[PDB]
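K.L.:
Can you keep this structure in mind? I'll have questions shortly.
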Amino acid sequence: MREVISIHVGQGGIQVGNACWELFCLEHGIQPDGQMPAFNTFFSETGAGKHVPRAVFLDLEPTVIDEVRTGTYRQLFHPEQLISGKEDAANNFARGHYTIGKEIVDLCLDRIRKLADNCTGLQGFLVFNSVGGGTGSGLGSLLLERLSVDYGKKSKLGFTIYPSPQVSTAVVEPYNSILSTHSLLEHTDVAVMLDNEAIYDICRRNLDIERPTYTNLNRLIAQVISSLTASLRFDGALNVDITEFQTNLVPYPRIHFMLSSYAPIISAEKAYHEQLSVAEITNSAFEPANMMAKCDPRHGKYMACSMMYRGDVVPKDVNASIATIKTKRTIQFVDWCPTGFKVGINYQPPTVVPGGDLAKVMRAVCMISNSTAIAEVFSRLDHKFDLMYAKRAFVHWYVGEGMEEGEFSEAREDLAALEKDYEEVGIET
Amino acid sequence: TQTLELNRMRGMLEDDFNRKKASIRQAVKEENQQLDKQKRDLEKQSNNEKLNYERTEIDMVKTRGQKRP
Ligand SMILES: Nc1nc2c(ncn2[C@@H]2O[C@H](COP(=O)(O)OP(=O)(O)OP(=O)(O)O)[C@@H](O)[C@H]2O)c(=O)[nH]1
Ligand SMILES: [Mg+2]
C-alpha cells in the first residue's frame with residue numbers, strides 16, 4: 001500500500017525508463033515476460049499469473065515506442081500505456097505544447113486518471129524529460145501543469161537531462177530548455193538535474209570504459225533511481241518516505257533545483273584493490289568531480305544533503321563520517337541551515353545488472369544535494385539564450401505554431417529573477 | 001478448545017474459497033489465451049489465401065501474349 005507512478009515523456013525519458021524497468025524487473029525476480037518464474041510499489045498483479053508495470057510512455061516519434069513494442073519487453077507493458085503520435089516534435093517547444101499535444105494530453109491524462117484510480121497508497125510522480133528536445137519539453141511541461149491543476153497535493157519529482165555545458169547535441173537547445181524551466185518552476189517540487197557530460201567523464205575514468213554509450217549511462221541512471229526508491233521498496237533500519245524530499249530540500253518555494261551523486265561507481269578489477277568502508281565511500285561521495293550534474297560545488301555553498309545508504313552498513317561509522325565531513329572547511333553550509341544533513345538506511349545491498357559494467361559491492365550511498373553553486377549553470381545557459389535572442393534567431397519556427405513571441409522575453413527575464421533568489425540566499429544573515 | 005476448533009473451521013473454509021476463486025481466474029486466463037489462437041490463425045490463413053489468389057490473378061493477367069494470325 002505504497003507506490004509511485006513513473007512517466008517517461010520525450011526521447012531520453014523512454015530510454016532511461018527502459019533501462020530502469022530492466023533493473024527493476026531483474027532485482028524483483030520478475031521475468032521480462034511479466035511472470036515470476038515488494039512489487040506493489042512499482043508493478044501490479046493482473047488478478048493472477050503475471051505482473052504489469054505502473055508507467056506511461058509518451059512520445060510523438062513512434063520510433064522508440066515501436067522499438068520497445070517489438071523489443072525484448074514486447075509482452076510486459078499494457079499496450080494502452082504506450083502513446084505514440086504521428087508527427088514529430090522537431091526540437092521546437094511550441095510544436096509539443098500548443099499544436100500536437102493540444103489533444104493528446106486528453107488521452108494521456110485519462111490514462112493517468114485510470115492508473116491513479118487503481119493505486120492504493122500512491123505517493124508521488126517520477127517524470128522524465130530531456131528538456132533539450134521538443135516533446136519532452138513541451139508535452140512534459142504541459143503534463144506537469146495539467147497534473148498540478150488536476151490532482152494537487154500529490155508530490156511531483158523529476159529527472160531532467162539538461163543540455164551539457166560544453167558538448168553539443170542540438171543548436172536550439174537553449175530555447176526549449178528555458179521555456180520548460182519557466183514552465184517547471186512551480187508545478188514540480190523536486191528537480192534533479194542530470195547532465196550527459198559528467199557521466200561521460202565518469203564512465204571514461206572510473207569505469208575504465210573508453211567508448212561509452214547511452215546504454216551504460218542509462219544503466220547508471222537506473223542504478224541511482226533504484227538506490228533512491230529502495231527506501232519505499234525494501235526494508236531499512238531508517239527509512240524515508242518520498243514526501244521526505246519534498247520538505248527537506250525545498251527551503252524556499254521557488255528554489256528546488258538540486259543535483260544527484262552516487263558511490264561507489266568503480267569497475268570490478270579497479271575495486272578489487274579496495275576495502276570501501278563508509279569513511280572513504282562518503283568522502284568520495286561529496287567529491288565534486290563525480291557528481292551526476294556538472295558544477296563546481298567547491299565554489300559554492302551547500303544548503304541540504306539527503307544521503308540514502310544501502311547494504312550492510314554500520315551506523316556508528318556513518319555518524320562519525322558525516323561529522324568529519326562537516327568538519328571540512330572547503331565544504332561549508334549557509335547560515336540559515338546548521339543541520340545540513342538528512343540520512344537514511346536500507347538493508348538491501350545494491351543489485352548488479354547482469355552484463356553491467358558496474359561492480360558488485362555491499363555498501364553504497366546515494367546523495368541528493370540542494371546546493372547553491374548549480375545556480376551558475378542557469379546563468380551560463382541563460383548566456384547562450386541571450387546570444388540567440390539578441391537577433392531573434394530561430395523565432396519564426398516558434399511563432400508559426402501559435403506561441404506568442406513575448407513569452408520568450410518573459411521567461412528569459414523571469415528565469416533571470418531566479419538569480420534574485422540565488423545570489424541572495426548565498427549571502428549570510 | 002471449542003473456539004479454536006471453530007476458528008480453524010473459518011480459516012480452512014476461507015483458504016479454500018480463495019484458492020478456488022484464484023483457480024477460476026486462472027481458468028479464465030487460459031480461456032482467453034485459447035481464444036487468442038483463433039485470431040492468430042484465421043488471419044494467417046486469410047493472408048496466405050490472399051497471397052495465393054492474387055498471385056494466380058497476376059499470372060492469369062500476365063499470360064496474355066500476342067496472337068500473330
Ligand atoms: N541519458 C540519456 N539521454 C539521451 C538519450 N537520448 C537522447 N538523450 C538526450 O536528449 C536530448 C535529445 O533530444 P530529444 O529528446 O530526442 O528531442 P524530442 O523532445 O524527443 O523531440 P522528437 O525527437 O521529435 O521526439 C539530447 O540532449 C540527448 O543527450 C538516451 O538514450 N539516454
Ligand atoms: Mg527527440
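First residue shown is number 1, and so on along the chain.
Cβ from N, Cα, C; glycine included.
OK, Swiss-Prot features for this one:
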type     : residues                                                                     : note
ACT_SITE : A:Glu244                                                                     : active site
BINDING  : A:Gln11, A:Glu61, A:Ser130, A:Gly134, A:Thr135, A:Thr169, A:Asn196, A:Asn218 : GTP binding site
BINDING  : A:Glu61                                                                      : Mg(2+) binding site
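Each of these features: where is it, how hidden is it, and who are its neighbours?
P.N.:
Packing around A:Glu244 (active site) is summarised by its Cβ count: 16 other Cβ atoms lie within 10 angstroms of its Cβ, all protein chains included.
Cβ neighbour count for A:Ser130 (GTP binding site): 30 (other Cβ atoms within 10 Å of its Cβ, all protein chains included).
Under a cutoff of 8 A between CB atoms, and with a sequence separation of 6+ in the same chain, the neighbours of A:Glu61 (GTP binding site) are A:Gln11, A:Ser84, A:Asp88, A:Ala89, A:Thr135. Following the DSSP three-state reduction, the secondary structure of A:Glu61 (GTP binding site) is coil.
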K.L.:
Let me know the most crowded of the binding-site residues, choosing from A:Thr169, A:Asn196 and counting other Cβ atoms within 10 Å.
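P.N.:
Counting every other Cβ within 10 Å of each candidate, the maximum falls on A:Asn196.
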K.L.:
Using DSSP and collapsing to three states, where does A:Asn218 (GTP binding site) fall: helix, strand or coil?
P.N.:
helix
K.L.:
What recorded positions among A:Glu61, A:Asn196, A:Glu244 have a C-beta sitting less than 6 Å from any atom of ligand 1?
P.N.:
A:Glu61, A:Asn196
K.L.:
Which binding-site residues out of A:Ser130, A:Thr169, A:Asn196, A:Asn218 lie by ligand 2, going by a Cβ under 6 Å?
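P.N.:
Those binding-site residues that pass the cut-off are none, since no Cβ is under 6 Å from ligand 2.
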K.L.:
Determine the most Cβ-crowded residue among the binding-site residues A:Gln11, A:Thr135, A:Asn218, using a 10 Å radius around each Cβ and all protein chains in the structure.
P.N.:
A:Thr135
K.L.:
What's the CA-CA gap between A:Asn218 (GTP binding site) and A:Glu244 (active site) in angstrom, rounded?
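P.N.:
About 25 Å separate the Cα atoms of these two residues.
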K.L.:
Let me check the 10 A CB neighbour count of A:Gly134 (GTP binding site). How many other CB atoms are there?
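P.N.:
A 10 Å sphere around the Cβ of A:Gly134 (GTP binding site) contains 28 other Cβ atoms.
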